[PDB]
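Source file: data-v2.cif (mmCIF, C-alpha atoms)
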```cif
data_start
loop_
_atom_site.group_PDB
_atom_site.id
_atom_site.type_symbol
_atom_site.label_atom_id
_atom_site.label_comp_id
_atom_site.auth_asym_id
_atom_site.auth_seq_id
_atom_site.Cartn_x
_atom_site.Cartn_y
_atom_site.Cartn_z
ATOM 1 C CA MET T 1 19.046 -7.293 7.805
ATOM 2 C CA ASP T 2 19.602 -8.179 11.475
ATOM 3 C CA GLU T 3 17.047 -5.578 12.608
ATOM 4 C CA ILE T 4 14.367 -7.421 10.541
ATOM 5 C CA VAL T 5 15.182 -10.783 12.077
ATOM 6 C CA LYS T 6 15.604 -9.259 15.536
ATOM 7 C CA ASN T 7 12.182 -7.666 15.225
ATOM 8 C CA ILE T 8 10.404 -10.787 13.965
ATOM 9 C CA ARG T 9 12.035 -13.034 16.562
ATOM 10 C CA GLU T 10 11.976 -10.700 19.590
ATOM 11 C CA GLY T 11 9.194 -8.225 18.801
ATOM 12 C CA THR T 12 9.440 -4.443 18.675
ATOM 13 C CA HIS T 13 7.691 -1.439 20.198
ATOM 14 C CA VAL T 14 7.596 2.322 20.393
ATOM 15 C CA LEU T 15 6.493 4.538 23.270
ATOM 16 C CA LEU T 16 4.213 7.324 22.225
ATOM 17 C CA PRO T 17 3.838 10.610 24.068
ATOM 18 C CA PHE T 18 1.021 12.130 26.103
ATOM 19 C CA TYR T 19 -0.740 15.208 24.753
ATOM 20 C CA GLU T 20 -2.566 17.215 27.407
ATOM 21 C CA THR T 21 -4.725 18.856 24.750
ATOM 22 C CA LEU T 22 -7.167 16.783 22.782
ATOM 23 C CA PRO T 23 -7.317 17.834 19.142
ATOM 24 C CA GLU T 24 -10.557 19.192 17.768
ATOM 25 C CA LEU T 25 -12.975 16.310 17.370
ATOM 26 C CA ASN T 26 -15.304 15.865 14.431
ATOM 27 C CA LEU T 27 -16.432 12.242 14.350
ATOM 28 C CA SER T 28 -18.068 11.246 11.036
ATOM 29 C CA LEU T 29 -19.296 7.676 10.386
ATOM 30 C CA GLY T 30 -19.280 5.883 7.044
ATOM 31 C CA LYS T 31 -15.907 6.375 5.344
ATOM 32 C CA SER T 32 -12.414 6.457 6.682
ATOM 33 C CA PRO T 33 -9.773 9.116 6.019
ATOM 34 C CA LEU T 34 -7.716 8.425 2.928
ATOM 35 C CA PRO T 35 -4.119 7.185 3.125
ATOM 36 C CA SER T 36 -1.725 9.948 2.096
ATOM 37 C CA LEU T 37 1.994 10.558 1.807
ATOM 38 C CA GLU T 38 1.757 13.211 4.504
ATOM 39 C CA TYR T 39 0.729 10.332 6.796
ATOM 40 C CA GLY T 40 3.698 8.222 5.803
ATOM 41 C CA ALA T 41 2.104 6.113 3.077
ATOM 42 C CA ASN T 42 4.867 4.347 1.118
ATOM 43 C CA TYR T 43 3.450 2.216 -1.641
ATOM 44 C CA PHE T 44 6.719 0.511 -2.487
ATOM 45 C CA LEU T 45 7.282 -0.599 1.112
ATOM 46 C CA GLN T 46 3.755 -1.022 2.409
ATOM 47 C CA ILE T 47 1.802 -2.149 -0.622
ATOM 48 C CA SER T 48 3.716 -3.530 -3.542
ATOM 49 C CA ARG T 49 4.403 -7.019 -2.242
ATOM 50 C CA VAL T 50 0.800 -7.102 -1.040
ATOM 51 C CA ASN T 51 -0.299 -6.419 -4.606
ATOM 52 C CA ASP T 52 1.873 -9.282 -5.865
ATOM 53 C CA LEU T 53 0.301 -11.747 -3.403
ATOM 54 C CA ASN T 54 -3.245 -10.503 -4.079
ATOM 55 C CA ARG T 55 -2.713 -11.368 -7.727
ATOM 56 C CA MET T 56 -1.949 -14.995 -6.934
ATOM 57 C CA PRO T 57 -4.753 -17.564 -6.750
ATOM 58 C CA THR T 58 -6.036 -17.921 -3.174
ATOM 59 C CA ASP T 59 -5.772 -21.742 -3.476
ATOM 60 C CA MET T 60 -2.044 -21.242 -4.012
ATOM 61 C CA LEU T 61 -1.611 -18.642 -1.262
ATOM 62 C CA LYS T 62 -3.393 -21.073 1.060
ATOM 63 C CA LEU T 63 -0.948 -23.846 0.152
ATOM 64 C CA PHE T 64 2.251 -21.863 0.425
ATOM 65 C CA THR T 65 1.238 -20.341 3.765
ATOM 66 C CA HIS T 66 -0.203 -23.486 5.385
ATOM 67 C CA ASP T 67 2.812 -24.298 7.553
ATOM 68 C CA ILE T 68 3.583 -20.733 8.699
ATOM 69 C CA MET T 69 0.102 -19.464 9.589
ATOM 70 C CA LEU T 70 0.066 -20.061 13.312
ATOM 71 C CA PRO T 71 -2.818 -19.466 15.707
ATOM 72 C CA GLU T 72 -2.277 -15.806 16.696
ATOM 73 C CA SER T 73 -1.831 -15.812 20.452
ATOM 74 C CA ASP T 74 -0.337 -12.321 21.155
ATOM 75 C CA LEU T 75 -3.263 -10.831 23.231
ATOM 76 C CA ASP T 76 -3.401 -13.945 25.522
ATOM 77 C CA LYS T 77 0.272 -13.514 26.328
ATOM 78 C CA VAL T 78 -0.168 -9.714 26.807
ATOM 79 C CA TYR T 79 -2.871 -10.564 29.384
ATOM 80 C CA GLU T 80 -0.513 -12.985 31.135
ATOM 81 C CA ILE T 81 2.521 -10.621 31.239
ATOM 82 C CA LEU T 82 0.258 -7.870 32.691
ATOM 83 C CA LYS T 83 -1.244 -10.414 35.188
ATOM 84 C CA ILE T 84 -4.760 -9.519 34.000
ATOM 85 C CA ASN T 85 -7.772 -11.597 35.252
ATOM 86 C CA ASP T 97 -8.022 -5.189 35.069
ATOM 87 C CA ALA T 98 -8.340 -4.079 31.411
ATOM 88 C CA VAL T 99 -10.862 -3.197 28.714
ATOM 89 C CA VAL T 100 -10.080 -4.870 25.308
ATOM 90 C CA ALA T 101 -10.939 -4.726 21.595
ATOM 91 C CA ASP T 102 -9.613 -7.027 18.804
ATOM 92 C CA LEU T 103 -10.113 -5.728 15.240
ATOM 93 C CA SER T 104 -7.674 -8.396 13.912
ATOM 94 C CA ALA T 105 -8.596 -11.156 11.456
ATOM 95 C CA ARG T 106 -7.467 -13.953 13.736
ATOM 96 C CA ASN T 107 -6.002 -16.863 11.728
ATOM 97 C CA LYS T 108 -7.215 -15.441 8.390
ATOM 98 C CA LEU T 109 -5.155 -14.150 5.475
ATOM 99 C CA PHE T 110 -7.626 -13.592 2.594
ATOM 100 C CA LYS T 111 -11.264 -12.560 2.507
ATOM 101 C CA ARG T 112 -12.694 -14.717 -0.302
ATOM 102 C CA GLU T 113 -11.564 -17.432 -2.667
ATOM 103 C CA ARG T 114 -10.372 -15.900 -5.921
ATOM 104 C CA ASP T 115 -8.571 -17.052 -9.030
ATOM 105 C CA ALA T 116 -5.348 -15.597 -10.350
ATOM 106 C CA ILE T 117 -5.732 -12.085 -11.611
ATOM 107 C CA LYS T 118 -4.642 -12.128 -15.238
ATOM 108 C CA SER T 119 -1.402 -10.327 -16.107
ATOM 109 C CA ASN T 120 -3.099 -7.735 -18.247
ATOM 110 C CA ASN T 121 -5.640 -6.866 -15.502
ATOM 111 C CA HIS T 122 -4.731 -4.304 -12.900
ATOM 112 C CA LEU T 123 -5.771 -5.009 -9.323
ATOM 113 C CA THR T 124 -9.212 -3.706 -8.286
ATOM 114 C CA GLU T 125 -9.509 -4.514 -4.563
ATOM 115 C CA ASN T 126 -7.504 -5.865 -1.668
ATOM 116 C CA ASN T 127 -8.387 -9.467 -0.885
ATOM 117 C CA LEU T 128 -5.886 -9.796 1.943
ATOM 118 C CA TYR T 129 -5.989 -8.752 5.579
ATOM 119 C CA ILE T 130 -2.768 -6.797 5.016
ATOM 120 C CA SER T 131 -2.274 -3.048 4.575
ATOM 121 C CA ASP T 132 -6.060 -2.588 4.444
ATOM 122 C CA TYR T 133 -6.979 0.729 6.063
ATOM 123 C CA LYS T 134 -10.653 -0.196 5.746
ATOM 124 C CA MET T 135 -10.332 -2.798 8.519
ATOM 125 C CA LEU T 136 -10.086 0.056 11.004
ATOM 126 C CA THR T 137 -13.709 0.368 12.134
ATOM 127 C CA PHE T 138 -15.154 2.650 14.806
ATOM 128 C CA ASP T 139 -15.267 -0.227 17.307
ATOM 129 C CA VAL T 140 -11.591 0.639 17.809
ATOM 130 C CA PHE T 141 -13.151 3.014 20.357
ATOM 131 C CA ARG T 142 -15.553 0.428 21.751
ATOM 132 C CA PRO T 143 -13.356 -0.119 24.852
ATOM 133 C CA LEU T 144 -13.927 3.509 25.968
ATOM 134 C CA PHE T 145 -17.698 2.992 26.392
ATOM 135 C CA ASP T 146 -17.474 0.152 28.896
ATOM 136 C CA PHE T 147 -14.496 1.953 30.508
ATOM 137 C CA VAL T 148 -14.931 2.741 34.229
ATOM 138 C CA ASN T 149 -11.814 2.214 36.399
ATOM 139 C CA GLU T 150 -9.609 -0.209 34.413
ATOM 140 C CA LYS T 151 -5.793 0.271 34.480
ATOM 141 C CA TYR T 152 -5.291 -0.839 30.873
ATOM 142 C CA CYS T 153 -6.915 -0.337 27.508
ATOM 143 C CA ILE T 154 -5.497 -2.989 25.128
ATOM 144 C CA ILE T 155 -6.309 -2.910 21.453
ATOM 145 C CA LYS T 156 -5.154 -5.288 18.738
ATOM 146 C CA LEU T 157 -5.122 -3.154 15.689
ATOM 147 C CA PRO T 158 -5.700 -4.753 12.256
ATOM 148 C CA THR T 159 -3.495 -2.494 10.164
ATOM 149 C CA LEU T 160 -0.755 0.137 10.368
ATOM 150 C CA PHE T 161 -1.690 1.499 6.953
ATOM 151 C CA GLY T 162 -3.525 4.724 6.219
ATOM 152 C CA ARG T 163 -4.441 7.936 7.998
ATOM 153 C CA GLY T 164 -7.166 6.624 10.335
ATOM 154 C CA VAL T 165 -4.901 4.403 12.411
ATOM 155 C CA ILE T 166 -2.565 7.317 13.104
ATOM 156 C CA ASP T 167 -5.384 9.738 14.016
ATOM 157 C CA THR T 168 -6.749 7.013 16.318
ATOM 158 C CA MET T 169 -3.456 6.587 18.126
ATOM 159 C CA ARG T 170 -3.292 10.417 18.486
ATOM 160 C CA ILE T 171 -6.658 10.403 20.292
ATOM 161 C CA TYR T 172 -5.654 7.539 22.599
ATOM 162 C CA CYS T 173 -2.466 9.486 23.426
ATOM 163 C CA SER T 174 -4.605 12.260 24.993
ATOM 164 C CA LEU T 175 -6.812 9.711 26.832
ATOM 165 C CA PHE T 176 -3.992 7.779 28.476
ATOM 166 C CA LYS T 177 -0.661 8.967 29.842
ATOM 167 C CA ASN T 178 1.253 5.782 28.935
ATOM 168 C CA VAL T 179 0.750 4.411 25.405
ATOM 169 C CA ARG T 180 2.951 1.714 23.861
ATOM 170 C CA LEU T 181 2.667 0.337 20.338
ATOM 171 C CA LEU T 182 4.079 -3.136 19.866
ATOM 172 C CA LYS T 183 4.062 -6.243 17.721
ATOM 173 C CA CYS T 184 4.521 -9.560 19.518
ATOM 174 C CA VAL T 185 6.582 -12.576 18.513
ATOM 175 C CA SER T 186 3.395 -14.674 18.669
ATOM 176 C CA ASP T 187 1.437 -12.381 16.349
ATOM 177 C CA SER T 188 1.387 -13.107 12.630
ATOM 178 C CA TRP T 189 4.324 -11.559 10.787
ATOM 179 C CA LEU T 190 2.427 -12.055 7.558
ATOM 180 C CA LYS T 191 0.116 -9.242 8.581
ATOM 181 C CA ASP T 192 0.456 -5.632 9.695
ATOM 182 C CA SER T 193 -1.410 -6.074 12.979
ATOM 183 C CA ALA T 194 -0.086 -4.647 16.237
ATOM 184 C CA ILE T 195 -1.194 -4.067 19.838
ATOM 185 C CA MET T 196 -1.722 -0.751 21.588
ATOM 186 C CA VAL T 197 -1.280 -0.940 25.367
ATOM 187 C CA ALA T 198 -2.520 2.196 27.094
ATOM 188 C CA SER T 199 -2.619 2.765 30.868
ATOM 189 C CA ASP T 200 -3.230 5.577 33.391
ATOM 190 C CA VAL T 201 -6.387 7.203 32.078
ATOM 191 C CA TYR T 202 -6.909 10.972 31.943
ATOM 192 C CA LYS T 203 -10.541 11.531 32.879
ATOM 193 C CA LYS T 204 -10.662 15.130 31.655
ATOM 194 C CA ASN T 205 -10.240 14.062 28.070
ATOM 195 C CA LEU T 206 -11.920 10.699 28.282
ATOM 196 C CA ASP T 207 -14.967 12.762 29.261
ATOM 197 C CA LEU T 208 -14.554 15.332 26.503
ATOM 198 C CA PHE T 209 -14.089 12.530 23.959
ATOM 199 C CA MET T 210 -17.090 10.534 25.140
ATOM 200 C CA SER T 211 -19.267 13.660 25.193
ATOM 201 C CA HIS T 212 -18.350 14.341 21.594
ATOM 202 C CA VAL T 213 -18.906 10.733 20.523
ATOM 203 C CA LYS T 214 -22.254 10.493 22.353
ATOM 204 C CA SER T 215 -23.600 13.662 20.805
ATOM 205 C CA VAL T 216 -23.047 11.959 17.416
ATOM 206 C CA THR T 217 -24.183 8.382 18.010
ATOM 207 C CA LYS T 218 -26.835 9.776 20.401
ATOM 208 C CA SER T 219 -26.412 6.801 22.700
ATOM 209 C CA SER T 220 -24.405 6.251 25.885
ATOM 210 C CA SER T 221 -23.885 2.503 25.155
ATOM 211 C CA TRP T 222 -22.229 0.756 22.230
ATOM 212 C CA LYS T 223 -24.274 -0.258 19.169
ATOM 213 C CA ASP T 224 -22.656 -2.625 16.672
ATOM 214 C CA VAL T 225 -24.400 -0.788 13.872
ATOM 215 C CA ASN T 226 -21.641 1.808 14.534
ATOM 216 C CA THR T 227 -18.880 -0.721 13.703
ATOM 217 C CA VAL T 228 -18.247 1.061 10.400
ATOM 218 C CA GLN T 229 -15.383 2.983 8.912
ATOM 219 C CA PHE T 230 -14.968 6.521 10.237
ATOM 220 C CA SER T 231 -12.980 9.724 10.372
ATOM 221 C CA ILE T 232 -12.527 11.745 13.536
ATOM 222 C CA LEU T 233 -9.897 14.482 13.052
ATOM 223 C CA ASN T 234 -9.765 17.263 10.449
ATOM 224 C CA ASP T 235 -6.460 19.030 10.781
ATOM 225 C CA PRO T 236 -3.564 16.573 10.318
ATOM 226 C CA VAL T 237 -1.528 15.756 13.367
ATOM 227 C CA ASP T 238 1.889 17.104 14.361
ATOM 228 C CA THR T 239 4.425 15.833 11.818
ATOM 229 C CA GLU T 240 6.487 14.745 14.823
ATOM 230 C CA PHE T 241 3.731 12.345 15.807
ATOM 231 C CA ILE T 242 3.431 10.669 12.390
ATOM 232 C CA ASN T 243 7.199 10.257 12.437
ATOM 233 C CA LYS T 244 7.246 8.542 15.836
ATOM 234 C CA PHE T 245 4.502 6.149 14.648
ATOM 235 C CA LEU T 246 6.521 5.404 11.516
ATOM 236 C CA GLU T 247 9.501 4.567 13.682
ATOM 237 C CA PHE T 248 7.366 1.551 14.595
ATOM 238 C CA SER T 249 5.438 0.908 11.400
ATOM 239 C CA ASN T 250 8.559 1.261 9.240
ATOM 240 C CA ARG T 251 10.198 -1.588 11.145
ATOM 241 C CA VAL T 252 7.089 -3.749 10.879
ATOM 242 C CA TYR T 253 6.634 -3.074 7.169
ATOM 243 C CA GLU T 254 10.347 -3.665 6.597
ATOM 244 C CA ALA T 255 10.013 -7.089 8.239
ATOM 245 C CA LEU T 256 6.787 -7.797 6.350
ATOM 246 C CA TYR T 257 8.466 -6.796 3.115
ATOM 247 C CA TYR T 258 11.146 -9.468 3.519
ATOM 248 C CA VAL T 259 8.599 -12.049 4.713
ATOM 249 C CA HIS T 260 6.353 -11.340 1.730
ATOM 250 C CA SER T 261 9.332 -11.285 -0.691
ATOM 251 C CA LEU T 262 10.385 -14.779 0.429
ATOM 252 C CA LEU T 263 6.801 -15.972 -0.007
ATOM 253 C CA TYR T 264 6.464 -14.397 -3.451
ATOM 254 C CA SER T 265 9.840 -15.744 -4.598
ATOM 255 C CA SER T 266 8.824 -19.186 -3.353
ATOM 256 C CA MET T 267 5.429 -19.040 -5.042
ATOM 257 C CA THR T 268 7.167 -17.937 -8.262
ATOM 258 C CA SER T 269 10.216 -20.250 -8.065
ATOM 259 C CA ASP T 270 11.665 -21.865 -11.181
ATOM 260 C CA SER T 271 11.466 -25.134 -9.215
ATOM 261 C CA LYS T 272 7.706 -24.590 -9.550
ATOM 262 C CA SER T 273 7.266 -26.526 -6.296
ATOM 263 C CA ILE T 274 6.763 -25.725 -2.567
ATOM 264 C CA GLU T 275 10.224 -27.179 -1.891
ATOM 265 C CA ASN T 276 12.608 -24.400 -2.860
ATOM 266 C CA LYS T 277 15.341 -22.325 -1.200
ATOM 267 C CA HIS T 278 12.950 -19.386 -0.596
ATOM 268 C CA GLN T 279 10.181 -21.449 1.031
ATOM 269 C CA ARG T 280 12.791 -23.075 3.245
ATOM 270 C CA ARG T 281 14.317 -19.768 4.360
ATOM 271 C CA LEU T 282 10.807 -18.424 5.081
ATOM 272 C CA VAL T 283 10.054 -21.354 7.420
ATOM 273 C CA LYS T 284 13.232 -20.818 9.455
ATOM 274 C CA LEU T 285 12.437 -17.109 9.702
ATOM 275 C CA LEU T 286 8.925 -17.418 11.081
ATOM 276 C CA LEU T 287 8.996 -20.569 13.231
#
```

How does the structure come out when it is put into structure tokens?
Amino acid sequence: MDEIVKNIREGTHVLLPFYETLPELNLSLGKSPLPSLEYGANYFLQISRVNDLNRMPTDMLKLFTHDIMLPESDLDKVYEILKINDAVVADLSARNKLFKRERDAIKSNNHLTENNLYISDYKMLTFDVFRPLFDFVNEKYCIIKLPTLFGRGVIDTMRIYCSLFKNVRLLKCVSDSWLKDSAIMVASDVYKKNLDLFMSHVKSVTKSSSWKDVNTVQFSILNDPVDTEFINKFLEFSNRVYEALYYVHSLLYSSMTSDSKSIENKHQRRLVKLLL
């Protein structure tokens, strides 16, 4: 598809709307909300190639991705383009990492037990995604590199930010990894009314007015799902990212499973042109 290659090679973005009214808050620390089909979970698009690459040996994943893992430099460029030197920032990404631990092939007859990759992992989304709001004061921008677009928590989190700031953009940069479902939120033009209501709620729970890293855990914050319309506008973005990832990961899997049984094959070659 030409939209896949356009997105990988130029980037893509969505503008999200401003919601005067903050949803009912109910921060809870420990466990994140579950992915669900109501929140746009699509296991064939978002997950199935990830399960294939999980099941490979990490030594082999390392080899077949050596030449296409670049240093992720998307936040540095975002700073530059927005002539920042201001802005509060958080990075929940796994910069220059793809897998969490060395692991052998999972045998054919064994079904996958946990996600070893930093891809489509809703558990990466820890409560420090709201760390920038504590040391917020008078900054024009709140920039967050998200680690995933998978699951319910990342959508509920963008819904909160969309009441806190009047201009919220979700994007994925050319100089991010297109092996991973990371993205950047750029918010600007804060709305004190709700920043204050949010922080009051959060502080009555953590019972501290400054950040403690012990609170960098998984979390849930909303109860009632969000307006279907909002999920759908998010998916306008995440669908395009997962569609690009799906092709990327399909080339990789085809290469790693080629009859050639070598790293020089038609799929590996096409994957290099795509990403570099």

Within 7 Å of residue 278 in chain T, counting all atoms listed in the file, which residues qualify if same-chain residues fewer than 4 places away don't, as a list in words? residues 262, 265, 266 and 282 of chain T

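Remark: for residue 263 in chain T, the closest of the candidate residues T:24, T:275, T:72, T:187 is T:275 (distances computed over all atoms listed in the file).
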
Which residues, named as in the file, does the PyMOL selection byres ((chain T and resi 45) around 9) pick out? Answer as a VMD selection string. chain T and resid 41 to 44 46 to 49 250 253 to 254 256 to 257

Find, counting all atoms listed in the file, the residue in T:170, T:142, T:272, T:114 that gets nearest to residue 245 in chain T. T:170

For the PyMOL selection byres ((chain T and resi 222) around 7), applied here, can you spell out every residue it catches as a PyMOL selection string? chain T and resi 142+145+220-221+223-224

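Closest approach to residue 183 in chain T among T:108, T:248, T:37, T:60: T:248, based on all atoms listed in the file.
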